[PDB]
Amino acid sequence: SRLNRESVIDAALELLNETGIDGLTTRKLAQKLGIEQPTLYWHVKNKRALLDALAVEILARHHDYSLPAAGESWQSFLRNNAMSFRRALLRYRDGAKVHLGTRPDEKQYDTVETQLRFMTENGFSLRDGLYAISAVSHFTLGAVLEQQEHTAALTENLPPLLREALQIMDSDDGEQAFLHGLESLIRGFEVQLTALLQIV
């Protein structure tokens, strides 16, 4: 079929979602696309190139709260941004794994630059803003990774509090724990920011 960038990425997203990050082979991608391996190689050099491109596309498609609103607080932006990043990661099988270790792409420069400048305009040094941003990213990735891999994994002598914790854990999709943790994180940054030079 068609082998422009957009279509090879569509195909790889479909393949990822069907087979997960282990089935995302250049050989199985070639089968999907109805082509021989040397034909695919012209367009896609290896699995790592595909993984990087998929990371970028996942957020392009489904990460919709990338930028603060007019007059939005840094707290509200971080909350909205995290919920969005989470939704985007959960859209595809192993989407969080796909993101891991990536760095901002050139196509994301203006956006992420705006995110960093915004934090500094709200009083954070660049370093402290980055630390907040990274903590939100890492917490979200962690939570999503554990939720997704646990669903994958699925394929009495318990002590009482653990038994209860497991029901709680298995009683929703993970969103309740994620949102509680998110509020904790945001408020911890707020304490630190407002402390200035005071022992806190």
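Sequential numbering from 1, following the sequence displayed.
Colleague: Please check residue 155 against the other PDB entries of this protein that were compared: is it missing in at least a third of those that model both its neighbours?
Modeller: Result for residue 155: often missing, at least a third of the compared entries.
Colleague: Taking residue 155 and residue 156 as adjacent modelled residues, how many residues of the deposited sequence between them have no coordinates (none, 1 to 3, 4 to 9, 10 or more)?
Modeller: 4 to 9 residues lack coordinates between residue 155 and residue 156.
Colleague: Comparing average C-alpha B factors as deposited, tell me which of 140-148 and 167-175 sits higher.
Modeller: According to the PDB entry, the answer is 167-175.
Colleague: Check where residue 20 lands among this chain's C-alpha B-factors and tell me if it's the lowest, middle or highest third.
Modeller: As the PDB entry reports it, the C-alpha B-factor of residue 20 lands in the middle third of its chain.
Colleague: Quick check on the deposited entry: does the C-alpha B-factor of residue 191 sit in the lowest, middle or highest third of its chain?
Modeller: For residue 191, whose C-alpha B-factor we compare with every modelled residue in the chain, the answer is the highest third.
Colleague: Among the modelled residues of its chain, does the C-alpha B-factor of residue 116 lie in the lowest, middle or highest third?
Modeller: Lowest third - that is where residue 116 ends up once the chain's C-alpha B-factors are sorted.
Colleague: Using only modelled residues of the chain, where does the Cα B factor of residue 37 rank: lowest third, middle third or highest third?
Modeller: Tercile = lowest for this residue's CA B-factor.
Colleague: Residue 59's Cα B-factor: lowest, middle or highest third of the chain?
Modeller: Its C-alpha B-factor, which the entry lists for residue 59, ranks in the lowest third among residues of this chain.
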